[PDB]
Structures are given as C-alpha cells and as structure tokens.
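Enquirer: Chains as they are written, first to last, in PDB author numbering: chain BY, 11 to 216; chain Be, 14 to 135; chain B1, 2 to 245; chain BD, 61 to 300; chain BI, 53 to 150; chain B2, 169 to 243.
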Amino acid sequence: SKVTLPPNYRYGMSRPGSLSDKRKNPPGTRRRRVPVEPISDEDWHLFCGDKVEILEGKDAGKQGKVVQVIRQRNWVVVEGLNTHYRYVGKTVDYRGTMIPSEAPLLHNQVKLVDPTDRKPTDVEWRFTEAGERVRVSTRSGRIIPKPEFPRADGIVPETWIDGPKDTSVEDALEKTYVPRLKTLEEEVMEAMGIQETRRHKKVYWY
Amino acid sequence: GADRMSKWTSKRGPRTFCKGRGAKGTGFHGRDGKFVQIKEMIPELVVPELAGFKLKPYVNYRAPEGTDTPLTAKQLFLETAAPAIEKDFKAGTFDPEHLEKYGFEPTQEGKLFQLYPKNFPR
Amino acid sequence: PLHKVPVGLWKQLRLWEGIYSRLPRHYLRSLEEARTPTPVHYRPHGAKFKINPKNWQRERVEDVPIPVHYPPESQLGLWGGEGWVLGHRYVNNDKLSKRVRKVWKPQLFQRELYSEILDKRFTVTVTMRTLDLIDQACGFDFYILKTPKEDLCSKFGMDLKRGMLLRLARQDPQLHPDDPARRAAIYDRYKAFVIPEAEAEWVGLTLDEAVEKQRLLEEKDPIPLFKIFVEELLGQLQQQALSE
Amino acid sequence: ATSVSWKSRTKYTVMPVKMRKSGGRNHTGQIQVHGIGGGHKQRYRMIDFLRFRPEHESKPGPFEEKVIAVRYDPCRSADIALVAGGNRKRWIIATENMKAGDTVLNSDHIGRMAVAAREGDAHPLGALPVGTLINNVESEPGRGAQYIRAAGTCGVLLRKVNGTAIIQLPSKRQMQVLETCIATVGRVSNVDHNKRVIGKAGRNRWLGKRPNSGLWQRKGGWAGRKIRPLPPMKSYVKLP
Amino acid sequence: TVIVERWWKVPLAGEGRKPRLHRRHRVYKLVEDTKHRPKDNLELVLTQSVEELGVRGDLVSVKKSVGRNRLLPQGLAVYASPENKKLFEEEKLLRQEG
Amino acid sequence: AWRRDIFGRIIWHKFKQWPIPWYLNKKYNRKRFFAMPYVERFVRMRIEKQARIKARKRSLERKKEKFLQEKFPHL
RNA sequence: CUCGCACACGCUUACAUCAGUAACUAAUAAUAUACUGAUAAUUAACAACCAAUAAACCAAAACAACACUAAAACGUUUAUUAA
RNA sequence: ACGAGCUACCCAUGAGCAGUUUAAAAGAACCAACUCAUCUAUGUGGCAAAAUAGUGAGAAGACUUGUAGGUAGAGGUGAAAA
RNA sequence: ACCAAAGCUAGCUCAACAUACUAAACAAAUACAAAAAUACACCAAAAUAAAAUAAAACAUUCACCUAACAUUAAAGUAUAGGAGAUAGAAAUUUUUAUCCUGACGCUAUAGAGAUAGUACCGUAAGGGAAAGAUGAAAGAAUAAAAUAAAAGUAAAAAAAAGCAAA
Ligand SMILES: [Mg+2]
Ligand SMILES: [Mg+2]
Ligand SMILES: [Mg+2]
Ligand SMILES: [Mg+2]
Ligand SMILES: [Mg+2]
Ligand SMILES: [Mg+2]
Ligand SMILES: [Mg+2]
Ligand SMILES: [Mg+2]
Ligand SMILES: [Mg+2]
Ligand SMILES: [Mg+2]
Ligand SMILES: [Mg+2]
Ligand SMILES: [Mg+2]
Ligand SMILES: [Mg+2]
Ligand SMILES: [Mg+2]
Ligand SMILES: [Mg+2]
Ligand SMILES: [Mg+2]
Ligand SMILES: [Mg+2]
Ligand SMILES: [Mg+2]
Ligand SMILES: [Mg+2]
Ligand SMILES: [Mg+2]
Ligand SMILES: [Mg+2]
Ligand SMILES: [Mg+2]
Ligand SMILES: [Mg+2]
Ligand SMILES: [Mg+2]
Ligand SMILES: [Mg+2]
Ligand SMILES: [Mg+2]
Ligand SMILES: [Mg+2]
Ligand SMILES: [Mg+2]
Ligand SMILES: [Mg+2]
Ligand SMILES: [Mg+2]
Ligand SMILES: [Mg+2]
Ligand SMILES: [Mg+2]
Ligand SMILES: [Mg+2]
Ligand SMILES: [Mg+2]
Ligand SMILES: [Mg+2]
C-alpha cells in the first residue's frame, strides 16, 4: 500500500504516513515551496552506504558514511557528523537520554570520496565496455564500487531459516510448466476428472 | 432537502424500493409465489486436494528471482506448436488446410470454455 | 489561447481524417463540389453590369440566393426544388407600415408517377413545378437522370437516381423478363447516362450512409495470430531449405 | 405526460365495465370542458345500439329475443334492458313500457303491407306506418343508433317516398334517410325524466357537475329571444 | 411557385465571398405567384386513334390537365421531343411510300 | 464497441449477455448511441476547456523551469 | 402534570459499550440521546420483487334478512401452456 | 430552461367520523376525534418571516385526509378574491 | 501587555509556435428510482431570432449580436435611409520561407470563482465562498530571534463651562 500526498508537501526526514510527520504537518496545511535543484536519476551519484566528506559546516573536512538519502529535497545524511543535541525521553518530572541527532546535508555540501587516496573527488557517470554503468572519478580516474547497503527489513539472505510456511528453494525454483494450448479451467477439469457433456446455448452480445 | 452526494442504496428508499447490493441471481420465481433456485446458476467451487501439496504461501528469502519475461503469443506458439510444425515439415506430411490436430480451434462455438465470448468467470 | 485551425475548417479536417478518407475519390469530390442550385423562388438578372436609373452610371450587380427552408417531409417526395420561404413583409406594400413575419408555402399534390426503367408506379407528393420540369425533360426517368442533386433537393429523388443508374449499369433482366426486345428498347434510350458500377452505387448516399457502407465493406474479423505465426514459420523453414 | 383512454375493450360483455372519469381534461391534461369532475363512481354497461345484429350469418332473418330485466344505467338518462336470444345477451335501450319477460322482434324485411308496430319491436323504416313514433333512429344502413336515445324522447315518421323515409326529431327538425334503416318503435323509457327536481346543490355534485364560475360576464348580442326559422331537411341519401 | 424580391439592397461581394446578409434582408415582396398565370399549353404526339383529338401520328396541343392525366398515363400519347418526333417522321415516310 | 452517447463523448460500451437479439430488447432499445445537433456546442466547450487547462499547465511548467534556472545559476 | 406503544412516509448511525470533556454542541452547570476517540451493531416467519391466453359470469357495500339512490373498489371455476 | 413535494383544480388508489335525539346516513339537531379560523388579550428581532391562551363555526358530507399522477407563465387553475 | 502586524510561494493573465482538438481511469455495475448481471421491440421531430437600446417620444429603421476570408488602400467613397438617427460596399490594388517568445502583467481583498464548482444555499434549473505563512534541521516544542507600530482594551474611571480647539 502507498500513501497519497498533496502537491504542497514539505519533506522533513520523516515517513509521510508516520505519527511524527502527521503531527508536524496536519492534513490541512500547505507551506511555502522551497527551491529544489532538479537532479535526475541518471545524474544522482550520491548513494546510501558510501563514505563522503563534508565541505562546509562546523565539521569542515570530516568524513562519514551515508545512512539515508531523500531525493525529493536533494538531501543526504551521514551518521553522527553534523549533529544537534536533543532530548528524547520527556516526562512530567523526569528527563534524560539526551542524544545527538544529525541534520541533513545537500549534494553541494557533500561529495563522494574514493577509497584509494581518501581525498575529495568529482564523480561523473561513464559507460563501460562491459555494458555496465559505474561511477568514475575525474580527479584521479578510478571507478567507485556500488556501496551495498542492508535493506530496511533487517534480514540478510546469508542467515535465513525457513519457517513452517516457507517454500524450500528447490521447490520454489522447480519448473513444472508444460506450455500447451489448454486453459487453466480445462486443465483442472481434466486433472480432477470432472466430466461435462452439455454445452452453453446461443448468447447474444449487444 | 435530501442529499445528493450520498449513494442511492436500498436502505434510503420506501418499502417498494428493494435494490440488490451486487450479488448475482441464483434462480427465478415459481408458481405459488416462492423462489425456485436453480442448481446450475449457483457457482460450484472447484477446490483441489492440498493434503500432499508441498508448497507454502511464502518463498524462501534466499531463493533467487528471475528477469521479468512476460509470456507472449509468440513465445507460447514457439513452445507449443513450432517443434511439431518443424518436424512435420521436415517429414513432408504437413497439411496447411488442417490445423486442428495442432491445438488450433477454428471455431469457439463447439468447446465448453470459450475464449472470446469468455463463458467462464474465473 | 487560439485554435490552430479556424472552426470553419473543422468539418473539412474531419472529412480528411479517419474513415472518411477511405471513401471513394469520386464520392468525395462529388460531395466536395458545391454547385449553385437553379433559381426557383427568385428571378435572376442577366447582365453582370447594370445602369443605375437614378445615377446613370454602370454598376456591378450580382445574384443573392433567397434562403429556402425544406421541411423534413419534402425528402419523401419531389417538390421540384421549391420549399418554404420564411421571411418578412410590409402590410399594404408600404415600407413605412408594419413589418410582419410571413411563411410562403408551395401547393402540394398527391400524384402517381410511372418509372419506365424501374417498372413501378410511385404515389408521391409533387408540385406544379415538378410536373412542369417533368414535361420539359420529356419523361419522369429523364427528369430524374438529368436534374442534379442541387436541383432535386430530395433524398427520395437521390435514391431513385441511384436505383435507375444501378439498373442501367447492371443491365438487369428484372425489368422485362419475358420481353427482351422491350427491355433493350428501354435501356437504349437512356444510354447517355450509363455510369460504371464503381461509381453508380454511391450517387444517392448521404455522408452517414456512405460511412456505414464503407464500414460494412471494411468489416473483417481479426485473423488469429496462429495463422500469422504459422505463415512466418513456414517462410523461415522454406528460406532455410533454400539456403542449403 | 399524455393519458390513455379507458375505452380499450375490444370484446363486448354484458357485465358492467369500470370506467375512469376525466373532468373536462383532454389527453394532454388541460381543461377543454368546464364544470365536470368530482362525481360518483360508475361502471359502464356496454350498449349494442345496432339492434338488428343476428347472432350468426347462417340465419340472417328476423329473430325474437326475451327481455330479462329493465335496469337503471348511470351513464345515460334512459333505462336499459337485458335481452337474450340464442347464446348471447345484450343491453338495449328500454322503451316506455318494457317489462321483464317481454318479447321483442328484430327484423330487416320490407313488404307492401305495413306491419303492426309493437313497442319493443325493431323494424326498418320502410315497413312502419306513416304516423309511427320511433326511437333509436339510424342514419346509414348498418351504422348504428346515434339518433334519438334520451329518456322519453322520440321521433315521428312523416312520409315515405321513393324508397326513402323522412322523420321528425325531438328538436322538430326533418331528417331524410334510406327506408331500409332499422329503428325501434315507441317512446324511450323514463318519460318523467324532465320533471325530476334536484333537491340541493349537493345532488349536482353527486351527478358530477362542478359549480359555475363566479365571474360576472355582461351579456352580448347573442342573448335575447332569437326567433329563427326551422333549419332545412337534413338529408343522408347520396343522390348520384 | 411564389417569387419574392428583397425590399433592401444587398451589398456586393465580388471575390467569391458570400454576401453579408442582415435581418433587414429577410423582408420580401411577392412580385408574382406563378400559379395565377395563364399556364402554357402542352404539345403531345398521339400514338393511338383517339375519338376527340385525331388519328395517331399528329402533334396536338392539349391542356396540361388532360395531357398529364389521360393521354400520358394510359399510353395514348407521348411527348414531342426530337427523338420521339424522328420516329414518327420515319413512320410517316414509310406509310407514304407503302 | 466504440460508441458515441448522447453527451457527445466517445465511450467504450461493453456488451452484456442477453437471451434475445438487440432489436427485441425493451431495455436496450430505448438507449441512444448518437449525439443530437445541440451537443456539438458543448463538445466545443469541452475541447476549449481542456485546451485551456493544458496551455496553462505548460505555461506553469515553463515558468517553474525559468525560476529554477534563475535560482540555481550553475551554468 | 399526563399525547404513550407500534407501523407507513422521512433523516441516514445522530443508536449501543468503554473512555475523555481545558476548549468545541446543549443558548448555563452537573454529565451526555445531542460533543470527541476506539470498538461493536439491525440475523425472517413481518414487508418489497412474487403468470399469461380464451370462456361461464347484469343482480352493491351499510351485522345484510332486504331495500334506497348518487347505482357503487374488493372473485372463483373451466381449457392450453406456467424452467 | 426549471418548478403542481406548498397551493388552485382534476385523475387513480386507500382511510376516518365515537356517543345522544330521530320511521332517517335528512347537504336535520347537541357534541367529541377531526377540519376551519369569529372575537379578544399576549406576542411584534416573538415559541412562531402569522404563534399561544380563552372563546368560536362545521362535524354522514358540496366532508376531512395519506400515496402517487396531470394541467407551466403570451400560460395553468379559479363556488372571480384579479 | 493582549488583540494583533510582515514575509514569498502556491498559482493565475495575455500572446507565439504546435502536434492538428471531447486528458488519465475505464476489473465489474452504470439512461429500473444511474452505477441493480439475465426476455419477443417499436424508434424518432423539424417551422426566421426577439427585446432591452438609439432616433432625446415612438410606430418604418437601430452597427457587433455565437453564419469565415485575412492585411495595405479605394473609403467612410458610390449607394441605402420616418433621405432622420444611422447603415455602407464593390470594381481595382499591397502583403517573402523558419529560429530569434516572452512579459515597463498580479503576488493570497491582486491574478482564474477556485486549496473548489468543493462546503453551503435552493424541490429544481441555478448561485457560490473564505480559508497558507518559523526554521538548513521540529528524527532542534526544559523551542530560538525580529514589530510590540491600526481601530478595541489594560497599564491609568471622573471634579463647574459647553463642535472640545486655538
Ligand atoms: Mg440540497
Ligand atoms: Mg428501502
Ligand atoms: Mg421506512
Ligand atoms: Mg426459497
Ligand atoms: Mg354521465
Ligand atoms: Mg340514469
Ligand atoms: Mg348555471
Ligand atoms: Mg354570476
Ligand atoms: Mg436531517
Ligand atoms: Mg457518540
Ligand atoms: Mg457548555
Ligand atoms: Mg404532480
Ligand atoms: Mg399534488
Ligand atoms: Mg355520528
Ligand atoms: Mg348536520
Ligand atoms: Mg387558537
Ligand atoms: Mg379568561
Ligand atoms: Mg375548541
Ligand atoms: Mg357547533
Ligand atoms: Mg348549525
Ligand atoms: Mg406585455
Ligand atoms: Mg391566464
Ligand atoms: Mg369582483
Ligand atoms: Mg378589484
Ligand atoms: Mg428611444
Ligand atoms: Mg438619453
Ligand atoms: Mg415614455
Ligand atoms: Mg422611452
Ligand atoms: Mg438587434
Ligand atoms: Mg425611398
Ligand atoms: Mg425625426
Ligand atoms: Mg475588394
Ligand atoms: Mg482569491
Ligand atoms: Mg492601539
Ligand atoms: Mg472653556
């Protein structure tokens, strides 16, 4: 299932259907539109899970790993570099667990760094002779591998145990289709031995 | 006044307004005013035997998927009739006039489950 | 904004695009051409230039056709190209008097007319103008075959002309099955209006009738893709056999 | 909307048929006649005004019927009578002195000698005496009795010449018809119908007569005792 | 057939354009009704020996009523077109020569 | 079939299953698949309204592109 | 002090359980059938949809015995077909 | 173009009138339900854009009333009050 | 000190080009009382524009008034007009292909009515709105800074006498 959003919607690093986002922007609000630089999917070279460097901010020159990207506002966020401190445990007469949350950053402020020399580079998309599209650095002239990142589900295929209601891999990949010219209905009738002799009468369509 | 945006269902009218909710009919009206239900009009669920079925509603998570290749008429023909046509043409017995032996149905009015008129619901 | 094409050309563009373009060229040009109908309710003047009696100067003068309203029942008969004149008039024939809405109507008569080619009597509503036109044309068949669409102004007349043309072009023996000599004599005197069959079945058709006829002619069941695939496979097999 | 007439009954029946009144309104729904509506419910008793209607063509001669009962009809001023002959019964218009168990003769024969004119009998105009009181006069042969029907009203035969009968209507007008037209003899029943006194304004509403409009209209030139001459003889014979 | 003439003058249009008609151009005067004129006389070639008119083979002038209702519907006469006249002329020639 | 209803629109009329032919159907016979001459005017209004909507959408998109180019002069 | 129970027509959940009412509804509070949220609900025997084609059939309802006039809605049977 | 769900009048289909006096279901009489609205007093941004209280007229009829249909503005309908 | 005040965006407007013009959705149900799978039919209809106005009245007349021929001139000319108000041509002439298209148009009482033909108002045809403002981050509300500037109040009720001021 998917949620619908008004055209005048502002993205705030929160899930659109989440309670925090709902309380931040009620369904009856329409805020001023922020200018977002148009960057296409074929030109968005900032992925999730790769090491990047910070250009401007309090942590100038520091490097961190990207943990999330928001294409709507051209935002990229790194874990624990550009941080402001906030209290998460709030009660009537008790406080604590003051954690550093981190603010989002723009593509003009975050640029990819190659793992060879660990120095900032500019990334340009190139088409390899093998039929693959891999990012190629221009300052040094080297390819940057795709930063594989775990999915939000939290399960890795290397360690998975089948439950009572999961098919085995061999059963799932077993091929038993015989491509003949019979419908599913006819094949099921033949398989189960259901015999029907009489046929439908003339039916007019108009 | 009365509403106009609300749906005009059978709850919003007089006693004489008894509108169906979308269920298919299952018979007619007999002689003394009762309802005579026709057995053939009632759907019969063709439910198979799942006792020895070794498949589950979910697949293994490590099982690989495949590239999306939707089945087309060309692929179906290549799979079901092309080898037979090629073998018969090599043998020299191929008859262009008669194709009913290869699964081709010149007229759908004969068989039970027709394709274009769609005589079957599902 | 503005339309790219003026609203006047919308009908012509619709006739140019779609199934209307698949209609026969002779039919398309016959409907495209717009001949001026003969003057019936107004008297035309001869010369293009006339001397103004008050000015004593030569001035250009032209003919403005008077709008004539044809009621729907005029299409079931032969009115001779005349109909209802809807206009105004001055009481006492004085300009300074009142202006009065006026409707001038033709005198309709129920007469039976004989067709020599079709060998049938038609009970149709006609006018003295229609009878006079028949007399001048020297025959009902001659009148129908000579007077064009713009002068007939009758769908029934167009249907009669289409039937006569079809019979003449097909040389139908249905006219006189037991009188071949009479049939030949009848057919020979109308030899000036012989039309080829490719165009004799599209003369008395309206736009909707022509579109329906074209759709019926072009109506074909979609051949199964099994036939196409079998033909393609046979072609490939023949090519492979011939290349070895 | 447009209403449909209640008179859709192609089969003749003796039992009264229910009728839907319409007070002055035409089929469109607008008033055409004023002062009609809001009466009593009535059932229509179908009347066979073609008195000489033989049951079967195999016996087209004169036939005799028996009167079963003379009854009241709300749809007309006169009383009706039920006459049975053979296998069918019919409603006819009762004469002045019809009673149950009477015998009526229906004929179409003309002879050189005039027939003794009974009261319930129906003979062609050419067979009746020259001074006979008649009713249910028929204009064209085989057409039906459109003329005299009201209670007590009767016409008077005047003279028969050239195979053609002349009658005098209750409006004192002379009517010329073919001598073969069938006409019933005698005065119509309910001869005291003109002497009935409506007791109150409510009986008119019972009969179905709405009150006249209260608008006062000044009389024009139409009013006044117009002493006009009797209109000429109304002839129905077709002279070649 | 009624023949009417506009009371007002219509402005010229010489390039092939349709004249700009106004409401005042719907006012007509009935110049003449053709039904009231003395109607012409119909000439017909006889094809049969008729009692009143004459013998077959003559061009006779009869009124339109009888010409359209008696002579033509019953085949007793035909029109006086040149094509029909030539056949009668040649028939007369052969009758004279034989 | 591609039909034209009384509102002037072109619809895809699906066919229903009946026991009698089309010319004998009480309910189907009173349907109307054609447009009367008074519907062309409303069809023209529909065309013009859709044209206006599309034109102003195009103008809005052009203005948005120009504003973005002005706001981000990376050229 | 006494306009109550149900059905028809009409409104469509405003009905029921729990919880909250600083404020929003009650022309004010208490709290709640009238506001808020969550969860549930009206189960057919009553009511709606529920034969045509010809024929025998004049004879009112008003305790209907029998009548009056204003002439009066309301039905069976027979025969042919009714999955 | 839209309006007879109010109202004016008709057309179908139904329903009401208890008690008393009278050979009476008599467009009779007393008086309920019910239908109207004579007079007065409150009310006058009112309970109410026509009401409340008292008092009145009819109450087996030219009566009241439910449902549904019809008559549409150069018109409808009208026991004429434009 | 309350009430409050200020954002710059949503989007609109006018033209050019333009494929050549009733968008997307149309699984099932939708002109039975629309969204109700299923029974022997009937279907279709045309007949001038009028008037408000001008002629200082109003009767003949009254440009545009949902019908193509555009432009430069002939020309407001010939003509038509209660010859009044006004209406008004034609014969004959000129018009070189494409890009160079955006804005001395508006910024939430403006610009489309529009956040929307939605709420709401009418039985219906129909009419028809107002309402947004923090921040790079609110996954920075023991939240931070700018005005504390309208009318209306409070801080702070008034002391003979008077168009309230000079
Ligand atoms: Mg409403
Ligand atoms: Mg209901
Ligand atoms: Mg109900
Ligand atoms: Mg049952
Ligand atoms: Mg009567
Ligand atoms: Mg009577
Ligand atoms: Mg009177
Ligand atoms: Mg009077
Ligand atoms: Mg309500
Ligand atoms: Mg609640
Ligand atoms: Mg409160
Ligand atoms: Mg109504
Ligand atoms: Mg009503
Ligand atoms: Mg009583
Ligand atoms: Mg009384
Ligand atoms: Mg009172
Ligand atoms: Mg008192
Ligand atoms: Mg009282
Ligand atoms: Mg009283
Ligand atoms: Mg009294
Ligand atoms: Mg007037
Ligand atoms: Mg009137
Ligand atoms: Mg008066
Ligand atoms: Mg007065
Ligand atoms: Mg004026
Ligand atoms: Mg003035
Ligand atoms: Mg005046
Ligand atoms: Mg004036
Ligand atoms: Mg005008
Ligand atoms: Mg003059
Ligand atoms: Mg003057
Ligand atoms: Mg010119
Ligand atoms: Mg606005
Ligand atoms: Mg202030
Ligand atoms: Mg002082």
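No residue lacks a Cβ here, since even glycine has one placed at the ideal position from N, Cα and C.
#1: Quick one: grab the DSSP three-state call for residue 295 (chain BD).
#2: When the Cβ atoms of the segment 38-46 of chain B1 are set against those of the segment 150-158 of chain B1, are three or more pairs found closer than 8 angstroms?
#3: Hey, is the segment 197-210 of chain BY in contact with the segment 108-116 of chain Be, meaning 3+ C-beta pairs nearer than 8 angstroms?
#4: Should the segment 207-222 of chain BD be regarded as contacting the segment 182-192 of chain BD, the criterion being three or more beta carbon pairs within less than 8 angstroms?
#5: Could you tell me how far apart the beta carbons of residue 171 (chain BI) and residue 100 (chain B1) are, in whole angstroms, since I believe they sit closer than 8 angstroms?
#6: Please tell me whether residue 87 (chain Be) has its Cβ less than 8 angstroms away from any Cβ of chain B1.
#7: Going by the C-beta, is residue 141 (chain Be) closer than 7 angstroms to any heavy atom of ligand 1?
#8: Quick one: is residue 99 (chain Be) near chain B1, going by C-beta distance under 8 angstroms?
#9: Got a sec: is the Cβ-Cβ distance from residue 220 (chain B2) to anything in chain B1 below 8 angstroms?
#10: Among 129 (chain Be), 97 (chain Be), 102 (chain Be), which one has its Cα closest to the Cα of residue 224 (chain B1)?
#11: Check whether the Cβ of residue 34 (chain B1) lies closer than 8 angstroms to any Cβ atom in chain BI.
#12: Return yes when at least one heavy atom of ligand 6 lies under 7 angstroms from the C-beta of residue 133 (chain BD), else no.
#13: At the 8 angstroms Cβ level, is residue 191 (chain BY) part of the contact set with chain Be, yes or no?
#14: Give the DSSP bridge partners of residue 95 (chain BY), in chain order.
#15: Going along chain Be in order, which residues have a C-beta closer than 9 angstroms to the C-beta of residue 177 (chain BY)?
#16: By the criterion of Cβ-Cβ separation under 9 angstroms, what are the contact partners of residue 113 (chain BI) in chain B1?
#17: Is the distance from the Cβ of residue 96 (chain BY) to the Cβ of residue 80 (chain BY) below 8 angstroms?
#18: Using alpha carbons as the reference points, say which of 50 (chain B1), 27 (chain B1), 8 (chain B1), 236 (chain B1) lies closest to residue 62 (chain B1).
#19: Hey, quick one: how far does the alpha helix (DSSP H) through residue 134 (chain BI) stretch, first residue to last?
#20: Residue 120 (chain BY) CB to nearest chain Be CB: under 8 angstroms?
#21: Can you tell me the Cα-Cα spacing of residue 231 (chain BD) and residue 197 (chain BD), whole angstroms?
#22: Evaluate the contact criterion for the segment 134-151 of chain BD versus the segment 259-266 of chain BD: three or more CB pairs, one atom per stretch, below 8 angstroms.
#23: Flag this pair as yes or no: are the beta carbons of residue 250 (chain BD) and residue 137 (chain BD) separated by less than 8 angstroms?
#24: Among the candidates 241 (chain BD), 164 (chain BD), 173 (chain BD), 186 (chain BD), whose CA atom is the shortest distance from the CA of residue 200 (chain BD)?
#25: Against residue 72 (chain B1), what residues of chain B2 qualify as contacts under a CB-to-CB distance less than 9 angstroms, listed in chain order?
#26: How about residue 203 (chain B2): is its C-beta nearer than 8 angstroms to some C-beta of chain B1?
#27: Pull up the DSSP beta-bridge partners for residue 225 (chain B2), would you.
#28: Give every residue of the same chain whose Cβ lies closer than 8 angstroms to the Cβ of residue 84 (chain BY), excluding the five residues on either side of it in the sequence, and list them in chain order.
#29: Just to confirm the assignment, what range does the alpha helix (DSSP H) spanning residue 33 (chain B1) have?
#30: For residue 157 (chain BD), which residues from the same chain have a beta carbon less than 7 angstroms from its beta carbon, with the 5 sequence-adjacent residues on both sides left out?
#31: Quick one: is residue 179 (chain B1) buried, meaning 16 or more other Cβ sit within 10 Å of its Cβ, or exposed?
#32: Could you name the residues of the segment 175-191 of chain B2 whose beta carbon sits closer than 8 angstroms to any beta carbon of chain BY, in the order they occur along the chain?
#33: My output table needs one value for residue 195 (chain BY): the three-state DSSP class, helix, strand or coil.
#34: Would you say residue 102 (chain Be) faces chain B1, with C-beta separation under 8 angstroms as the test?
#35: Using the Cα positions of residue 59 (chain BI) and residue 81 (chain BI), report the straight-line distance between them to the nearest angstrom.
#36: Between which two residues does the alpha helix (DSSP H) harbouring residue 93 (chain Be) extend?
Expert: Well, looking at it:
#1: strand
#2: yes
#3: no
#4: yes
#5: The structure shown does not extend to residue 171 (chain BI), since chain BI spans only 53 to 150, so no value can be given for it.
#6: yes
#7: Any property of residue 141 (chain Be) remains undetermined from this structure, which presents chain Be solely from 14 to 135.
#8: yes
#9: yes
#10: 129 (chain Be)
#11: no
#12: yes
#13: yes
#14: 110 (chain BY)
#15: 67, 68, 69, 70, 71, 72, 73, 76
#16: Ordered by position in chain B1, no residue passes the 9 angstroms Cβ test against residue 113 (chain BI), which lies about 13 angstroms from the chain.
#17: no
#18: 50 (chain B1)
#19: 134-149
#20: no
#21: 14 angstroms
#22: no
#23: yes
#24: 241 (chain BD)
#25: In chain order: nothing, as chain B2 lies at least about 16 angstroms away.
#26: no
#27: Paired residue(s): none; residue 225 (chain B2) is not in a bridge.
#28: 46, 47, 49, 116, 117
#29: 26-33
#30: 179
#31: exposed
#32: 183, 184, 185, 186, 187, 188, 189, 190
#33: helix
#34: yes
#35: 7 angstroms
#36: 86-93
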